[PDB]
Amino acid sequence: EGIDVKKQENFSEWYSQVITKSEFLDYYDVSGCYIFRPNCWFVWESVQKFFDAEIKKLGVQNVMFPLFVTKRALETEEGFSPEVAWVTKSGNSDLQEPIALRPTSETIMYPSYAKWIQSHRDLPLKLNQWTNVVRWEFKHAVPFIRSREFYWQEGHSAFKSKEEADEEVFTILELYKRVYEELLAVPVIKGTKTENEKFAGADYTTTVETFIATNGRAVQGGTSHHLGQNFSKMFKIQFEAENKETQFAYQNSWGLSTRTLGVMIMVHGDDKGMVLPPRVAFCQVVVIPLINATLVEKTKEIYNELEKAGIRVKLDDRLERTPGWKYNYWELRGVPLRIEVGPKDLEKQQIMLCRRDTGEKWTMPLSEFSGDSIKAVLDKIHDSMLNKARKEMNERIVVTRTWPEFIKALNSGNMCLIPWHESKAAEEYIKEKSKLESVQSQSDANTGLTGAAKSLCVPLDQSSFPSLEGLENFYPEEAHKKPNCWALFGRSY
């Protein structure tokens, strides 16, 4: 019926109410696993359709490798071993050989890559799969953001040269930016991860960072690695080059998950419920006749013209429901645009429009109604949602040249740009010190989160940042390691 807790009052309770009452998600009796209902799964299918079409242009092909992986394969690569789920029984009998569930597919796929790649004519090899993933997360589960079963695509490419591989890393990273910005209306920051946060198997890791303004937390939104020759040496992925010598392939891997849906909801949801970006909305426009014979047919005509134009449109002519009840029903579920067709408005040859993101109501003359004009309204809603979130995000990025500035901005829910010289020890120092001086909400503490700051990324584009002249390393033991770039640090999920 309604959200009874405000987003600003208790973020975790608000989130639970919005994802369930919108019919997006239900809870389940295996901890950390969730049910994706139709309006929710539609968003992920929309991401799939867009991403598939974009990677097809790059020559990537979809495959399906198995869910199961042997201990022998997995151990070809300690740190992650507590998160692996093990199948050990069939029926009532122990298996002679326990097997694990897919936590990622490097060790499942790369023995095949070593078989399939024999010469440079076999390269590039670029494969993708849309799969479920299992990780027995130690951290508290969070619907969409951190689930023990989640859904993703993982792409794995092999190249004859580093230049080709480098180019794909940033091409895929741009596609992840386009998913967030063009489909989900969520702004991103591109950067590289620090040595402590990057994939241990990667030469370097790139990320799109996203930001949750309500509790001032970043979310790692998607990942694109250059693996160098680290895995090709591990798995003997070699080829005869055109120069007749044998070389190790250069590889990348990259993944994007249903975490996207959680970011979308946390960024755009409000105290009336879901707010769906038009390009992933299960229903983009709901038409509601206010209740007469002629009004019904014009309402049917409005429905049919939008449907013919490819707009996902619904006609809510339910009899036993008041107009206001219908308004709440579809606002709760996130429909971006409502058309109200009333008798008074029909007399003036017009209709009433209400946009979900701002609540604004305005009239449109029927002479200006069309599939194109309604699509233009939907694009305006998309642009406003993205622009509002980007303005909020940018206002919450603070340049913090010194520790007192850093901890102050962190405690007020900002992301911080700090002078940086790469060092695992410096990053650990910052994490421990900020954690000791941090404060966080009871809701965040209940969600298993910490007030500690961690590295989010080193932004790719440093051109707008101020001078590093005279700035000191945040880690006093490494004052002799002069800062030479800016890093983004903040609280995180």
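Residue numbers run from 1 along the displayed sequence.
In the deposited sequence, the stretch from residue 84 to residue 85 has no residues without coordinates, so the chain runs on without a break. Going from residue 149 to residue 150, the model skips none of the deposited residues; the chain is continuous there.
Comparing the deposited coordinates for 162 to 170 and 185 to 193, the stretch with the larger average C-alpha B-factor is 162 to 170.
Two stretches are in play, 298 to 306 and 388 to 396, and the higher mean C-alpha B-factor belongs to 298 to 306. Annotation for 155, 222, 365, 419: 365 ranks highest, by Cα B-factor.
Comparing the C-alpha B-factors of 414, 328, 107, 206 in the entry, the top value falls on 328.
In the deposited entry, the Cα temperature factor of residue 478 sits in the middle third of values across the chain's modelled residues.
Among all modelled residues in its chain, residue 61 ranks in the lowest third by Cα B-factor.
Per the deposited record, the Cα B-factor of residue 472 falls in the highest third when ranked against the other modelled residues of its chain. Per-chain ranking of the deposited C-alpha B factor places residue 73 in the middle third. In the deposited entry, the Cα temperature factor of residue 439 places it in the highest third of its chain's modelled residues.
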